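Coming up is one lone chain in structure tokens, specifically the form deposited in one PDB entry.
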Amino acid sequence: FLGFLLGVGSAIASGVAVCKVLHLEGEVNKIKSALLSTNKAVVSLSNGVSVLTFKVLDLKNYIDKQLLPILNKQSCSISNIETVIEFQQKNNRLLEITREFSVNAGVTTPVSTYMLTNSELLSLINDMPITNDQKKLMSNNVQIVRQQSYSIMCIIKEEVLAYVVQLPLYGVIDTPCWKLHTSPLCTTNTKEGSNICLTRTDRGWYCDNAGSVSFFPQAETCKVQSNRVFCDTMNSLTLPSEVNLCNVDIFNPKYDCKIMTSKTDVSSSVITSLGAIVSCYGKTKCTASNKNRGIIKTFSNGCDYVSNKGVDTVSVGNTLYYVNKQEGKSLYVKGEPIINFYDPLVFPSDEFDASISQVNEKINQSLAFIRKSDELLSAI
């Protein structure tokens, strides 16, 4: 819900910064000269930046050993063995790199095996100035590393083809993470249109980071490995530790919990990590069922929950939801729905970016200017 509160960065600003330096007159020469025999060289550029240069494919030295001896002398002549094959496999990589840069206009994501092989990728991870815990994290999740990587095409100055591979740096590892799932909470009273709703906007991924909490409003930006959550700090907000207090106590004085108010009492379901939240309102048929034995629970009007233990599917109206079968322990924390504490006669029914105290302030302002005006006319 709160994705609009995020800032706006430039994902490839670091990569393009290296490309812009490589465009200089003598910068291309320094790269080519250092990689004379060695395939890995840390070239220090004219501006002062230290970059690890890699020579992945040598087509020039391969052509120089199959063009110069061949061409000679009067006319081209025949080739022996499986040596020619070596050219088909080497050229294929270049063709695939070209196809990728052509369709993606010089910037590709994820980074393919043709752009950087597993052997070349694992070599860079080992040569990176990072901790042993980070190295093992990247080595075991190469596909995620590739997904969070960028490849920017810089120069085609002759006799060399250069492109910058922007690799992720995981500065935060093994810190506790938690996902917050929220669904609308409405009153159940029978007359249609007389009902008031409340929804916690603060849903998404939350991770403990340097005395603070990194909040990811768009849970789609994060990737779950069944235990490890792969996120990008670019799509996050830095919130104080007190944000977690909202789960145990929404009316806490330490942190002002974010809410959304409406009158739209529409039925829906939020599929959680270990179950399903069911928001049943109106004439909707909300049900929980086991595939082997059919319907096992029929939900009444309001907001309820079912664990993934014994429940395979959840049906809300004409929508069938398959529940996540991840093994874990669920707990139903019983408590009076807050929406019952608010008077519908004096309630802010159209708030998109509000909080638990902002609503109280809006009610206090309404309640006072209702009673004071009532006592004013009472003296007639």
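Superpose the two forms; the largest set of C-alphas matching within 1.5 Å is the rigid core. Heads up: residue numbers just count along the shown sequence, starting at 1.
- The stretch 155 to 163 shows the higher mean C-alpha B-factor when 155 to 163 is compared against 234 to 242 in the entry.
- Just going by the entry, 65 to 73 versus 325 to 333 on mean CA temperature factor gives the higher value to 65 to 73.
- Highest CA B-factor among the listed residues (304, 174, 192, 220): 192.
- Taking only the listed residues 249, 256, 133, 202, the entry reports the highest CA temperature factor at 133.
- In the deposited entry, the Cα temperature factor of residue 319 places it in the lowest third of its chain's modelled residues.
- Residue-level temperature factors show residue 355 in the middle third of its chain, judged at the C-alpha atom.
- Per-chain ranking of the deposited C-alpha B factor places residue 96 in the middle third.
- In this PDB entry, residue 309 carries a Cα temperature factor that places it within the middle third of its chain's modelled residues.
- Placement of the Cα temperature factor of residue 87 within the chain: highest third of the modelled residues, per the deposited record.
Omitted from view is the form deposited in another entry, to which the following refers.
- Among the candidates 220, 86, 249, 232, the CA atom that moves 2 angstroms or more between the shown form and the other one after core superposition belongs to 86 alone.
- Once both forms are overlaid on the rigid core, the distance between the two CA positions of residue 70 between the shown form and the other one is 2 angstroms or more.
- With the core held fixed, the Cα of residue 338 is displaced between the shown form and the other one by less than 2 Å.
- Shown in the overlay between the shown form and the other one, fitted on the rigid core, is a CA shift at residue 43 of 2 Å or greater.
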